[PDB]
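Here is the structure we will look at.
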Amino acid sequence: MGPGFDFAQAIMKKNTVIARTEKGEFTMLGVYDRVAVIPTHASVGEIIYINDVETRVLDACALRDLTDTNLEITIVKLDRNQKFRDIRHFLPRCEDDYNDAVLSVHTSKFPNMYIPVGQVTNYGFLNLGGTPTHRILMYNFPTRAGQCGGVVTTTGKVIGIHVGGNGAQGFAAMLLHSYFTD
């Protein structure tokens with residue numbers, strides 16, 4: 000409908016796949032080469048389905064901060080025959096608050112879904128499903144099951160992936176440029 004949705008759509012059309020684990024179907028963001036991200040509660044194993052195709056997982060790392068606190072991001076390298084467009088230059092370098100964000104989802108259940116969530120707070124600490132979690136972003140939208148892995152963007156930045164909600168607020172794990180240096 001406007002330039003927020005334009006940037007979101009550009010990311011969805013080239014940099015997302017549908018990931019299936021034993022814990023469900025997730026929006027999965029591809030970042031560069033064969034490297035993608037997914038919420039850690041997806042419980043990625045040795046094999047994952049990518050757009051309904053059996054795919055070997057070459058590496059999977061559940062990120063934690065330097066205090067050994069959960070960040071709820073898993074970085075996955077996929078045994079895929081094709082690279083993602085490199086979008087690392089759209090990742091923020093530091094923790095921040097944002098205006099006018101969009102949450103975008105693409106699954107078998109919710110295809111081509113875009114939600115204007117508005118203002119995004121650097122919330123920080125969250126007890127997420129019982130697990131102490133850091134670097135959480137919060138938005139005041141009543142997000143539902145089927146949205147986990149959803150991509151949070153502003154115009155020009157890919158800032159996080161959706162990891163949970165409490166019925167009234169939604170929560171994303173930050174994406175930082177420093178997670179994807181090599």
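One point on numbering: in the entry's author numbering, the residue at position 117 of the sequence shown is 116, and numbering is uninterrupted.
All C-beta atoms in this analysis are idealised placements derived from N, C-alpha and C, irrespective of residue type, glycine included.
- The bridge partners DSSP lists for residue 37 are 73.
- Linking residue 31 to residue 13 through their CA atoms gives a straight-line distance of about 11 Å.
- In the displayed model, residue 159 falls within a strand according to three-state DSSP.
- Shown here, residue 11 sits in a helix according to DSSP, grouped into three states.
- Under DSSP, residue 136 forms a beta bridge with 121, 171.
- The three-state reading of DSSP puts residue 177 in helix, counting H, G and I together.
- According to the DSSP assignment, residue 102 belongs to the beta strand (DSSP E) that extends over 97-104.
- Comparing C-alpha distances from residue 45 to each of 59, 68, 132, 65 shows the shortest one belongs to 59.
- In this model, residue 47 and residue 141 are separated by some 29 Å (Cα to Cα).
- CA-to-CA, the gap between residue 76 and residue 65 works out to about 22 Å.
- In this structure, the straight-line span from the alpha carbon of residue 6 to that of residue 118 is close to 17 Å.
- Secondary structure of residue 4 (DSSP, three-state): helix.
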